[PDB]
């Protein structure tokens, strides 16, 4: 009695945080698979989606 | 009427044109900044 919001997403258990994936935001974010070759330092932070 | 000061063949003492200031210093100079185009590979060369 007092639940503000419920929802559905990716299970933070089958997709463990240790290997392969991470979920702090709604988007399942891994680190380095497709990094833009020739850009600035602040870029490629979206290509990890 | 009035022959020019040259081609007449005599020395004389006439007038000039001047100004007041140091003229070359204003305390400044053209101060421009240049924003870099972001990254390479996406720059357009094909304008012919």
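Using only Cα atoms, locate the centre of segment A:9-49 and the centre of chain B, then give the distance between them in Å, rounded to an integer.
57
Calculate I(q)/I(0) for the protein assembly as shown by the Debye formula, one identical point scatterer on each C-alpha and no solvent, and give its log10 at q = 0.15, 0.20 Å⁻¹ to two decimals.
-0.93, -1.12
Tell me, Kirkwood radius of chain B from alpha-carbon pair distances, in Å?
By the Kirkwood definition, the hydrodynamic radius is 18.7 Å.
Extending each Cα 7 Å along its Cβ direction at residue A:8 and residue B:41, get the distance between those two points in nm, one decimal.
3.7
In percent, how large is the relative contact order of chain A, given Cα pairs closer than 8 Å and 6 or more residues apart?
25
Please report Rg (one decimal) and Dmax (integer) in Å for the Cα set of chain A.
Radius of gyration, then largest Cα-Cα span, for chain A: 14.9, 53 Å.
Backbone-built Cβ (ideal geometry, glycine too); neighbour counts: all protein chains shown. No value in this document is a laboratory result; all are computed from the given coordinates.
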